[PDB]
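Structure, as structure tokens:
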RNA sequence: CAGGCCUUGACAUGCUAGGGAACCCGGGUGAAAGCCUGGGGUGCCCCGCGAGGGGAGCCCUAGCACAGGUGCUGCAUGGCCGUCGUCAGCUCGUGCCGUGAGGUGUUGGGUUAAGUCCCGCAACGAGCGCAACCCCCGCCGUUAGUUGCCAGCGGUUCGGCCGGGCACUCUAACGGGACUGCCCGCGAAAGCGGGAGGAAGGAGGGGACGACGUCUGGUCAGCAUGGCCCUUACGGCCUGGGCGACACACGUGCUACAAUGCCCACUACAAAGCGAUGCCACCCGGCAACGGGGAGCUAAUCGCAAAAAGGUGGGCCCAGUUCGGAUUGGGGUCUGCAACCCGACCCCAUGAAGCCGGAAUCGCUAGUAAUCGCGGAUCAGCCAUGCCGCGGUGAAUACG
RNA sequence: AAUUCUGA
Ligand SMILES: [Mg+2]
Ligand SMILES: [Mg+2]
Ligand SMILES: [Mg+2]
Ligand SMILES: [Mg+2]
Ligand SMILES: [Mg+2]
Ligand SMILES: [Mg+2]
Ligand SMILES: [Mg+2]
Ligand SMILES: [Mg+2]
Ligand SMILES: [Mg+2]
Ligand SMILES: [Mg+2]
Ligand SMILES: [Mg+2]
Ligand SMILES: [Mg+2]
Ligand SMILES: [Mg+2]
Ligand SMILES: [Mg+2]
Ligand SMILES: [Mg+2]
Ligand SMILES: [Mg+2]
Ligand SMILES: [Mg+2]
Ligand SMILES: [Mg+2]
Ligand SMILES: [Mg+2]
Ligand SMILES: [Mg+2]
Ligand SMILES: [Mg+2]
Ligand SMILES: [Mg+2]
Ligand SMILES: [Mg+2]
Ligand SMILES: [Mg+2]
Ligand SMILES: [Mg+2]
Ligand SMILES: [Zn+2]
């Protein structure tokens, strides 16, 4: 009954911040639906190496936006605790609705 | 005219972002700038202790500013005034949570970014640019390290025609990802021109 | 089936159909292997590298 | 002629058209990516230095 | 042809729409 | 007279006008040119005279 | 191509209106070539600029729907 | 092909007569990879065989191909500043390549409107031994044997 | 050699007129028209002794 | 570039002197810049009701130390990039030979993609490179279910949409896997050939990565920087023009010269991306561009959206053509203050050269070439036929 | 059976 978005760049922080928030409520009230990983939005833009000109031999960079999703069913009141109160963001976006 | 940046090369593993946080396609810009000017003023009023890195985190209107150093006793002063006067400056351009760490280095001669600046100085100090390398390496190597390497650019000594002074020891495989090598670069402007300081420190593995 | 192009899906169908009966049947190997309807076919339109109009084709060399 | 320009570059007034791009690090004006508000040079530079959040050497 | 503005491929190749290539 | 390999060997032209001579007169003389030789192999630096 | 209005520079109209009311002189420099030759303008000789100078161009009622740049070639060798 | 002696590409059977040859021929008829169209034409033609003749397509297409394969050909050569055109047998693998090719090429050197017709007619003649493809064959043979002089080189 | 009365350089952009001493920094401009400057001077130098 | 203008200046640090100290509305001349000009009007440091003051944020004028310079020098330089070359190479330590330069190792026999490995050997090791760890695509599993699905049944407004349910597909992040290990042969070995199994061989197909060095290679105009030089102008502002000129020549490309074709109506099959003064569902007026209204969308949940070649039917019937769309006249939409130089589209009318291209000359060895269509960055719009990506159909040939 | 490449 509660939809949560964890939009970060690295996954080694989402597949650890999500799976952390999961059983931090699973065991404290109604069950939950695992972390559903949705498609990534990337920025595969390229750029020409040399400063001056050399429209060939370039180098491109991409900016990956990894998205994690977890939905706790029955919105316990024993959950607006270790969750709504215990936050562990270090460089991650979190947006929750219902 | 080649060779990628060992740093940007390992950007996904064996070395991590010197600034990790999230930003939407709506502010990443302003914030990216912010992080920049921060490093700017910092690299200004903080050379006496000569840093070697400036990590920065976020998650909700906060700032790490975890300034790793090799002489923190200076960034602070005599108790906690310098470190206190600075937190002051930083917040002056950002109405944010201007935190500020002050790590250190158990051995700065195992952190290129520093070794670089050292020689940079020596050059501007009019030192034997050759031995100044022989030593800047015989140091890091003497103090344990699977690899050293310092490269200086043109104007070596002031001779009209520019030359590149090389010299290294140990092992330095810029082609092996899992090798965590420390790349250190810093300028050394003189009366006759500019010089280049490149240092390679080989550390970890597997 | 979905995704790709008809004369490309037909080829995938030839995989499932060749994997359906091999499952629900024994005598479907020593005569489906030397035919390999079981193979995958790595062949995929490859990435277009930079400085090459069509992935492998190159720009017109002049010299003059 | 580089300084006084990026200075008039900042001012975004007078006719909403002239308002143009411009790299922030360097004063450049060409190939100024909108995302980083940076140019194609002061992008390959920082990126390698890791200083660009999440921007990793693309490879596919 | 891919250049005959007044045709199917005309606008297709053009990427535009008109009396010769309406939107459904 | 478009010389051998490059340039010319001779040239002569009329200057129709007033005081044309008085103008193009001080020009009369030797004119040197220094730059790496576009002709020389290693684009080395040589001097030219005319 | 501008079916809404005539976008004809004002400093020019304001000019050919007071100077128009009770028709008189003509010495009228400008840089408003960008503007249209609104009807009536006939007579008054505009001296359109061209990046170099003011070319005294007459005004006939055959060149009304036309601009002013179209009466002062910018290049040389026309 | 400086290292390995390359490796002959293997075709896929025909979705009608199930023949490796019958397919190779279609590829030639193919333009811009439009195999779907190339394929059509062939059969569209194989029908014409029936139409105009009691012959049986697959067997007609078999005799034709045979009467176009050049016994021998003259490949260039270097004697030393000398390019004496020497004669030589035509590898079966190549023999068929040429054969098939000339057919199509010639097939188009016909004045017929449709294509099928061309492919058709062109095979109805060849199979007999009087087509444009056969001419451009005899020729390729007249050269050789005619140069049977410088044939003591072969190499 | 040593007979020139005004040299032209391009890898150091300038034009030294030995006769008078004058030295501009635009060889490219001179070599294309720009002369009305050194022509006057050229005279002044010369006509000086007559 | 022409023309009108500004001076410690469009930007910084700092100093002397009254006015001014936040700031707002204007009037005049003018192409704009600028010049010139009339009114509303301030907490405060604080003796003090007050008269009054100094005065910090603050801000104008005259004068000053300095700014500013895409002005020269890439042979004064940093950094970065091209290139030989994704080539098999380049060297060091000690020992040994040599008067010495140097040699040896690294040469030789065998193998490989490789200085890859093997065996020899006055050499014995090691370092920088090849390889390998990183990414992507091929099989598979686990974690995970708002993509998906009558897959099993059900109601169904008969649309996977509704209960239901994640089996599949897919999504994403961690793994299993291939190692010449197994059989036969030759071989001293390395390793090559042939077979089985397996999604896949023997580097599985793509990347990223590009050694010591070469080119006094490229860039002082992205930035940085030594020296030289301009400092009421080599700085600065604005309006207009130019960079888009045209007797010409070259490189790179687009569309064609047409029946394996073109035109038309109908009907399918994608991938990777991008989107809150952004993408626009659907309506509605219009031949249309497009303009009116208007819903959803922090976007696996709405939109750009149609993929196109293909398939079905029909129309041309061999012609400068129902081929080809240049040029030009006329009428319109839209962005922008404004499109004459100089915008992109739309519609009516023109319909040019071009019936396969001289000497020459380029690319590609397989999902490659050829061919069809889509996306993005840039960005108001757009001169994109460019560049960087994505998939759809899918060849020929390799003796040497 | 096919030349020449000045001079920092
Ligand atoms: Mg350098
Ligand atoms: Mg393709
Ligand atoms: Mg080239
Ligand atoms: Mg300027
Ligand atoms: Mg200027
Ligand atoms: Mg703009
Ligand atoms: Mg002579
Ligand atoms: Mg003579
Ligand atoms: Mg063959
Ligand atoms: Mg002027
Ligand atoms: Mg040079
Ligand atoms: Mg050995
Ligand atoms: Mg040796
Ligand atoms: Mg091998
Ligand atoms: Mg090795
Ligand atoms: Mg500069
Ligand atoms: Mg202009
Ligand atoms: Mg241009
Ligand atoms: Mg609207
Ligand atoms: Mg226009
Ligand atoms: Mg041809
Ligand atoms: Mg053609
Ligand atoms: Mg001769
Ligand atoms: Mg001679
Ligand atoms: Mg010589
Ligand atoms: Zn920049």
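All Cβ positions, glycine included, derive from the backbone under ideal geometry; neighbour counts span all protein chains shown. No lab work stands behind these numbers, since they all come straight from the coordinates.
For residues in the stretch D:27-60 being away from chain B (no Cβ under 12 Å) and in contact with a strand residue (DSSP E or B) (Cβ under 6 Å, 6 or more places away or on another chain), which is farthest from residue A:57 (Cα to Cα)? Result: D:28.
Just a yes or no: is a residue in the stretch C:38-60 under 25 Å from residue H:34 (Cα atoms), touching a residue at least 12 places away in the same chain (Cβ under 8 Å) and more than 12 Å from every other protein chain (Cβ to nearest Cβ)? Yes, the stretch C:38-60 contains at least one residue that is under 25 Å from residue H:34 (Cα atoms), touching a residue at least 12 places away in the same chain (Cβ under 8 Å) and more than 12 Å from every other protein chain (Cβ to nearest Cβ). Scanning the stretch H:1-39 for residues that are under 26 Å from residue H:125 (Cβ atoms) and touching a residue at least 60 places away in the same chain (Cβ under 8 Å) gives H:21, H:24, H:25, H:28, H:29. Residues considered: F:3, F:29. Of these, the only one that is outside any strand (DSSP E or B) and within 10 Å of another protein chain (Cβ to nearest Cβ) is F:29.
Taking residue B:74 as the residue in question, decide whether it is more than 12 Å from every other protein chain (Cβ to nearest Cβ) and either exposed (fewer than 13 other Cβ atoms within 10 Å of the Cβ) or not in a helix (DSSP H, G or I) (or both). Steps first, please.
Numbers: more than 12 Å from every other protein chain (Cβ to nearest Cβ): yes; either exposed (fewer than 13 other Cβ atoms within 10 Å of the Cβ) or not in a helix (DSSP H, G or I) (or both): no.
Considered against the rule, which asks whether it is more than 12 Å from every other protein chain (Cβ to nearest Cβ) and either exposed (fewer than 13 other Cβ atoms within 10 Å of the Cβ) or not in a helix (DSSP H, G or I) (or both), residue B:74 comes out as no.
The set of residues in the stretch I:2-15 that are at negative phi and within 7 Å of chain F (Cβ to nearest Cβ) comprises I:3, I:4, I:5, I:7, I:8, I:9, I:10, I:11.
Selection of the stretch D:6-26 for residues being away from ligand 6 (no atom under 16 Å from the Cβ), more than 22 Å from residue A:62 (Cβ to Cβ) and within 13 Å of chain B (Cβ to nearest Cβ) yields only D:26. Within the stretch A:8-48, the residues that satisfy the criterion of being within 14 Å of chain D (Cβ to nearest Cβ) and crowded, with 18+ Cβ neighbours inside 10 Å are A:8, A:9, A:10, A:13, A:14, A:48. Candidates in the stretch I:32-50 are the residues that are within 9 Å of chain F (Cβ to nearest Cβ) and either touching a helix residue (DSSP H, G or I) at 6+ places or on another chain (Cβ under 9 Å) or within 19 Å of residue F:34 (Cβ to Cβ) (or both); of these, the one that is surrounded by the most Cβ atoms within 10 Å (Cβ to Cβ) is I:38. Checking H:86, H:117, H:134, H:68 one by one, the residue that is in contact with a helix residue (DSSP H, G or I) (Cβ under 8 Å, 6 or more places away or on another chain) and farther than 18 Å from residue H:28 by Cα is H:86 and no other. Taking the stretch H:1-25 as the range and being within 14 Å of ligand 9 (Cβ to nearest atom) and part of a helix (DSSP H, G or I) as the test, the residues that pass are H:20, H:21, H:23, H:24, H:25.
Residue B:49 passes every criterion in (1) farther than 21 Å from residue B:202 by Cβ; (2) part of a loop (DSSP other than H, G, I, E, B); (3) within 14 Å of the chain's Cα centre (by Cα); (4) within 9 Å of chain D (Cβ to nearest Cβ) apart from (4).
What is the one condition in (1) farther than 17 Å from residue B:33 by Cβ; (2) touching a residue at least 24 places away in the same chain (Cβ under 8 Å); (3) surrounded by 10 or more Cβ atoms within 10 Å (Cβ to Cβ) that residue D:3 does not satisfy? Here residue D:3 meets the rest and fails (3). In the stretch D:46-60, which residues are within 6 Å of RNA strand J (Cβ to nearest atom) and either under 12 Å from the mean Cα position of the chain (by Cα) or buried (at least 17 other Cβ atoms within 10 Å of the Cβ) (or both)? Within the stretch D:46-60, D:57 is the sole residue that qualifies. Scanning the stretch D:9-25 for residues that are surrounded by 10 or more Cβ atoms within 10 Å (Cβ to Cβ) and either over 15 Å from the mean Cα position of the chain (by Cα) or near RNA strand J (Cβ under 6 Å from one of its atoms) (or both) yields D:18, D:21.
Strands (runs of 3 or more DSSP E) fully within the stretch A:9-65 that include at least 2 residues being free of Cβ contacts under 8 Å to residues at least 12 places away in the same chain: none found.
From the list F:50, F:20, pick out the single residue that is within 14 Å of chain I (Cβ to nearest Cβ), out of contact with any strand residue (DSSP E or B) (no Cβ under 9 Å at 6 or more places or on another chain) and closer than 30 Å to residue I:44 by Cα.
Just one listed residue meets the conditions, F:20.
Looking at the stretch B:16-44, which of its residues are more than 7 Å from chain D (Cβ to nearest Cβ) and touching a helix residue (DSSP H, G or I) at 6+ places or on another chain (Cβ under 7 Å)? Of everything in the stretch B:16-44, those that are more than 7 Å from chain D (Cβ to nearest Cβ) and touching a helix residue (DSSP H, G or I) at 6+ places or on another chain (Cβ under 7 Å) turn out to be B:38, B:41. Of the residues making up the stretch A:66-98, those that are in a strand (DSSP E or B), away from chain B (no Cβ under 12 Å) and out of contact with any helix residue (DSSP H, G or I) (no Cβ under 9 Å at 6 or more places or on another chain) are A:71, A:96, A:97. Each residue in the stretch D:32-45 was checked for being assigned to a helix (DSSP H, G or I) and either surrounded by 21 or more Cβ atoms within 10 Å (Cβ to Cβ) or within 16 Å of RNA strand K (Cβ to nearest atom) (or both), and 2 of them qualify.
Determine which member of the set B:165, B:160 is away from every other protein chain (no Cβ under 14 Å), within 16 Å of RNA strand K (Cβ to nearest atom) and over 15 Å from the mean Cα position of the chain (by Cα).
The unique qualifying residue is B:160.
Scanning the stretch G:5-30 for residues that are surrounded by fewer than 16 Cβ atoms within 10 Å (Cβ to Cβ) and under 21 Å from residue G:50 (Cα atoms) yields G:7, G:10, G:11, G:26, G:27, G:29. In the stretch B:5-14, what residues are surrounded by fewer than 21 Cβ atoms within 10 Å (Cβ to Cβ), assigned to a loop (DSSP other than H, G, I, E, B) and facing chain D (nearest Cβ under 7 Å)? Within the stretch B:5-14, B:5, B:12 qualify.
Filter the stretch H:99-115 for residues that are assigned to a helix (DSSP H, G or I) and buried (at least 18 other Cβ atoms within 10 Å of the Cβ) and give the result.
Selection gives H:99, H:100, H:102, H:103, H:104, H:106, H:107.
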